[PDB]
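These notes are about the structure you will find just below.
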Amino acid sequence: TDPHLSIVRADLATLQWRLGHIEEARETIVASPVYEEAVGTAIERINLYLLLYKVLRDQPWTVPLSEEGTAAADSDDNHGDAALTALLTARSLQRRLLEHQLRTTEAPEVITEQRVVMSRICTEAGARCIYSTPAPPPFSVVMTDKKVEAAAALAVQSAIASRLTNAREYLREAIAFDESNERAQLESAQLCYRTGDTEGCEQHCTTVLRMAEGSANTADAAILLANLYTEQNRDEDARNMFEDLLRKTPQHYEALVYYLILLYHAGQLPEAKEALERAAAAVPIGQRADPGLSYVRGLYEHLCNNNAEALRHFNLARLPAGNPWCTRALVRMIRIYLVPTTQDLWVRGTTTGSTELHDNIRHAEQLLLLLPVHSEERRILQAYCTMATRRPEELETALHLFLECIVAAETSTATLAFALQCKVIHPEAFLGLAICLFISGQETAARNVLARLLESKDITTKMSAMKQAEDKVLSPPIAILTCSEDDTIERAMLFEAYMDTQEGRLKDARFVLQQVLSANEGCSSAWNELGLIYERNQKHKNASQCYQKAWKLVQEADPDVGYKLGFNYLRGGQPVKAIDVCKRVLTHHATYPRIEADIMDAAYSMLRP
Amino acid sequence: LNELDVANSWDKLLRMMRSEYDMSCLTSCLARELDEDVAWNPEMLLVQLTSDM
Amino acid sequence: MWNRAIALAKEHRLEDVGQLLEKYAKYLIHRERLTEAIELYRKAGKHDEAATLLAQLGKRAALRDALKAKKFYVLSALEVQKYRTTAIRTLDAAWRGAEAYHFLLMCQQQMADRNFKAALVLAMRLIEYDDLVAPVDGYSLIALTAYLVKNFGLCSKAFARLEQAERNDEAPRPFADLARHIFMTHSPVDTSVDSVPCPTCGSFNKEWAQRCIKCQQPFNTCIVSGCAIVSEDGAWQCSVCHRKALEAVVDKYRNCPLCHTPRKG
Ligand SMILES: [Zn+2]
Ligand SMILES: [Zn+2]
């Protein structure tokens, strides 16, 4: 009826896109008369391109090629990113209208309001550049040869390098158009961190963490600082800033999570109560504990291996459903039901505990039902529940689930091997594959799949290097230097050390264990296995301090390290620090066997000249 | 101690209502506690609910 | 010595006892001794502002865990009922506030009772009670029970109001996602909703209708199932909380859902 008006076309394209009509919405947009006379007749022009970019924000593009079999170098890569072309045009239009109105001198309030939108536009541009979407490679050229497609693929990395250099271009105007823009500085911090200019990274993150209040995005920078400083251990000031951060806001649980995890890594865990209880006191009395707060406390107790209390706290954290922690808390609940003890899934079960394990699986499946099918990790936790079943026929089902995970990620032995050499996108499922292989009795392919997962996280390079490095920086591997909840690579290298112990080549096992220990002091299990390694070579001296650390970490809860550390001291020659250990064992576990006759009597014999 | 299996209050139920879509974002208003079978006196319970803290 | 102070002021006609009682009430509020305050009020015979001050902490309890808030309203109604015996607009507003948190408990536990048909009948009764309970709380249950019985129409209205609330809030929301997903994966047409006729003029009305659509006569609603009562033969009248229910459901319950009054025998 009235095709001049485009206000209606706006919500038309919006509704079409939101209902999944993609090509239809694109054709709706490109059909606009304004798309290639008051002041406002400028701005809505650009608006359509915005919407275009939005409906093409999630759309996977490819790198354009030439039909001869080569990449079309004369065809720009961002041409494939039609949304990037869209907002390239849009930002040019916005600066052109800025120069249009720079000589108008209208009512200044609209000038002031307009003065900030281009910042949003170019920041979204930079985000699209750094978060680019090169499509998965085609298969027709795979069905041609094994060298031509390889030589053709050698331009996609050029494409991403070009795009990120464009982003590094975008940063300056991004910050320059608005300094009050918290997101602009945040993105600038992230791209600077991707480049390597650590000085600028510190500037951006510090600026964000000052002026951003009333928003949680600060935490996204905060973790960055916590990885920025602890990348090389040169700075530990983040700690201080953290409490300073926590000085301003106590209710910022999402920062408190990284606080707890970094403290866990530094081994200074129990002091976290300083920040914790005041936050607990921050909430007014007579009110239910905040679900985030409950998740925080349960996370703490899980790091303290108080899994029975952590179960309750996490179940308190789930209420009410739909909260941002609800998926997280449910995932943690399933994890701790799967791994209640320090024994994780890839241990070997050497009657009575099998039935309790089955009951755990009942609880786990019952709780896993609550997680939506749309959630990606739901099927991974399904496969992990089937792992918990430990039925050797269910291993086939488990690997089927874990190898549908890769097909989800992309969106005979040949099928699993083609799932193998694909791009490493979902490390959780890859660890699931490794467990699948190991509990199937397979160790070579388990080593291969874990090796591919490790290669994704670049802690491969030190195994052979450290031998000749010590023969003639011991850099903490940058993968582990996160302090976020992603524990997957930690368990990955724990698994790898476990395998190496099983094959008994304890050198590189102790090596990677020392690597993660340098990364993390709270990994009590690794302390235990390192001490076991030292026992295997009878080097009780280092094992003694490691087991003391492990005893502190377990909070005296075990008798096993009782006999372990007591024997370690006793064969070490100085069990005067083992007598108190033995009595400490007897104080709670008054009937731990083999104590009263083996150790302190031999200690008295050793005390005699 | 025979009340640690509280999640059963949604276990055999949600199995028929969650298997399709992600409607969990809507069920925030559901109370964790159920309703029991006893007559509550007007005044005998206020002391025990205010004596928690 | 507040107990001595009030007696001293009363025996010396010190009419300023209101300020003294206000100071005592504020002091007990600061010391969070609601039990002492309500005992003082019931020994002093104060009813309406006493119930109001009880409800002041009642809503503060209600905003996180309201199973005590419904009890607070119940004994507030009991206090205003005892006001009648103490004697020898607000007459029914107190009962409205008390009954405002009646329906929600059994509306939520109807899923546990597995008879999901009455869940919608309960859920569509809190529309008039949007002031006491926020509509975002109730419309979630309304849409949920509309989905669980596979009916629509009312769910469209609930989702529309919920999404308008969300758009008011943002000026990334998942209730728009739920509304669009359900409306495109299912037919969004209202099912049969007129199944009860008016006892006066014979006009078929909604099961949740508070008044007739033709003759405009209010109907007393069932206290547990929520259906409007059309015949007084199957209507059971409670003599304590002054409420009505249906015989076929109240025979199962030995006590009233509101007051739990024991049956005299
Ligand atoms: Zn009528
Ligand atoms: Zn009654």
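Residues are named by chain letter and number: chains run A, B, ... in the order of the structure tokens, numbers start at 1 in each chain, and ligands are numbered from 1 in the order shown.
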With a cut-off of 10 Å and counting only C-alpha atoms, select all residues of chain C in contact with chain A and give the selection as a list in words.
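Residues of chain C within 10 Å of chain A, counting only C-alpha atoms: residues 60, 61, 63, 64, 65, 174, 176, 177, 180, 181 and 184 of chain C.
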Among the residues of stretch 559-605 of chain A, find those DSSP assigns to helix (DSSP H, G or I) from the backbone and print them as a ChimeraX atom specification.
/A:560-572,576-588,600-605
So the first atom is atom CA of residue C:234 and the second is atom CA of residue C:108; what is the distance between them in Å, to one decimal place?
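That distance, rounded to one decimal, is 25.4 Å.
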Show me, as a PyMOL selection string, the residues that have an atom within 12 Å of residue C:113 when counting only C-alpha atoms, minus same-chain residues fewer than 4 positions from it.
(chain B and resi 9+13+34-36) or (chain C and resi 105-109+117-119+225)
How would the residues just chosen look if you wrote them out with N, CA, C and O atoms as a PDB file, in the first residue's frame?
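Contents of result21.pdb, as written:
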```pdb
ATOM      1  N   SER B   9      10.631 -34.879  43.917  1.00  0.00           N
ATOM      2  CA  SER B   9       9.457 -34.032  43.723  1.00  0.00           C
ATOM      3  C   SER B   9       9.372 -33.432  42.324  1.00  0.00           C
ATOM      4  O   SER B   9       8.349 -32.822  41.996  1.00  0.00           O
ATOM      5  N   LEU B  13       8.033 -36.375  37.336  1.00  0.00           N
ATOM      6  CA  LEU B  13       7.137 -35.380  36.757  1.00  0.00           C
ATOM      7  C   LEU B  13       7.757 -34.736  35.520  1.00  0.00           C
ATOM      8  O   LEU B  13       7.231 -34.860  34.407  1.00  0.00           O
ATOM      9  N   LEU B  34       6.916 -28.604  48.931  1.00  0.00           N
ATOM     10  CA  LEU B  34       5.586 -29.050  48.551  1.00  0.00           C
ATOM     11  C   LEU B  34       4.596 -28.657  49.648  1.00  0.00           C
ATOM     12  O   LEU B  34       4.909 -27.865  50.540  1.00  0.00           O
ATOM     13  N   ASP B  35       3.385 -29.203  49.584  1.00  0.00           N
ATOM     14  CA  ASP B  35       2.393 -29.051  50.640  1.00  0.00           C
ATOM     15  C   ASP B  35       2.170 -30.397  51.317  1.00  0.00           C
ATOM     16  O   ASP B  35       2.041 -31.425  50.642  1.00  0.00           O
ATOM     17  N   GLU B  36       2.133 -30.383  52.647  1.00  0.00           N
ATOM     18  CA  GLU B  36       1.970 -31.573  53.464  1.00  0.00           C
ATOM     19  C   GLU B  36       0.523 -31.681  53.954  1.00  0.00           C
ATOM     20  O   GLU B  36      -0.333 -30.851  53.638  1.00  0.00           O
TER      21      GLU B  36
ATOM     22  N   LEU C 105      -0.810 -21.567  46.597  1.00  0.00           N
ATOM     23  CA  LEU C 105      -0.241 -22.790  47.152  1.00  0.00           C
ATOM     24  C   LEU C 105      -0.789 -24.026  46.453  1.00  0.00           C
ATOM     25  O   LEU C 105      -0.025 -24.863  45.951  1.00  0.00           O
ATOM     26  N   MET C 106      -2.114 -24.149  46.385  1.00  0.00           N
ATOM     27  CA  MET C 106      -2.670 -25.314  45.718  1.00  0.00           C
ATOM     28  C   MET C 106      -2.549 -25.223  44.207  1.00  0.00           C
ATOM     29  O   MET C 106      -2.506 -26.264  43.551  1.00  0.00           O
ATOM     30  N   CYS C 107      -2.440 -24.016  43.646  1.00  0.00           N
ATOM     31  CA  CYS C 107      -2.170 -23.894  42.219  1.00  0.00           C
ATOM     32  C   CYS C 107      -0.810 -24.478  41.871  1.00  0.00           C
ATOM     33  O   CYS C 107      -0.650 -25.128  40.832  1.00  0.00           O
ATOM     34  N   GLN C 108       0.183 -24.258  42.731  1.00  0.00           N
ATOM     35  CA  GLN C 108       1.505 -24.819  42.481  1.00  0.00           C
ATOM     36  C   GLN C 108       1.561 -26.310  42.799  1.00  0.00           C
ATOM     37  O   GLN C 108       2.213 -27.072  42.077  1.00  0.00           O
ATOM     38  N   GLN C 109       0.886 -26.754  43.860  1.00  0.00           N
ATOM     39  CA  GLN C 109       0.946 -28.166  44.226  1.00  0.00           C
ATOM     40  C   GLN C 109      -0.069 -29.022  43.476  1.00  0.00           C
ATOM     41  O   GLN C 109      -0.098 -30.241  43.674  1.00  0.00           O
ATOM     42  N   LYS C 117      -6.092 -30.229  35.405  1.00  0.00           N
ATOM     43  CA  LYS C 117      -7.241 -29.475  34.913  1.00  0.00           C
ATOM     44  C   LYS C 117      -7.617 -28.346  35.866  1.00  0.00           C
ATOM     45  O   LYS C 117      -7.890 -27.222  35.428  1.00  0.00           O
ATOM     46  N   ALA C 118      -7.630 -28.622  37.171  1.00  0.00           N
ATOM     47  CA  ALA C 118      -7.955 -27.593  38.151  1.00  0.00           C
ATOM     48  C   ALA C 118      -6.834 -26.581  38.331  1.00  0.00           C
ATOM     49  O   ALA C 118      -7.067 -25.524  38.930  1.00  0.00           O
ATOM     50  N   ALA C 119      -5.632 -26.879  37.830  1.00  0.00           N
ATOM     51  CA  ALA C 119      -4.515 -25.954  37.974  1.00  0.00           C
ATOM     52  C   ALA C 119      -4.777 -24.650  37.235  1.00  0.00           C
ATOM     53  O   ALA C 119      -4.503 -23.567  37.761  1.00  0.00           O
ATOM     54  N   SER C 225     -10.777 -26.039  44.298  1.00  0.00           N
ATOM     55  CA  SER C 225     -10.768 -26.256  42.857  1.00  0.00           C
ATOM     56  C   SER C 225     -10.859 -24.959  42.067  1.00  0.00           C
ATOM     57  O   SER C 225     -10.397 -24.907  40.922  1.00  0.00           O
TER      58      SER C 225
END
```
Taking only C-alpha atoms and all ligand atoms into account, list the residues no farther than 12 Å from ligand 1, as an MDAnalysis selection string.
chainID C and resid 196:206 209:219 230
I'd like the neighbourhood of residue C:228 as an NGL selection string, where a residue qualifies if any of its atoms comes within 7 Å (using only C-alpha atoms), though same-chain residues fewer than 6 positions away should be ignored.
:C and (207-208 or 219-222)
Just want the 12 Å neighbourhood of residue A:267, counted on only C-alpha atoms, with same-chain residues fewer than 5 positions away dropped. Output as a list in words.
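Here the qualifying residues turn out to be residues 260, 261, 262, 272, 303, 304, 517, 518, 519, 520, 521, 522, 523, 524, 527, 549, 550, 552, 553 and 554 of chain A.
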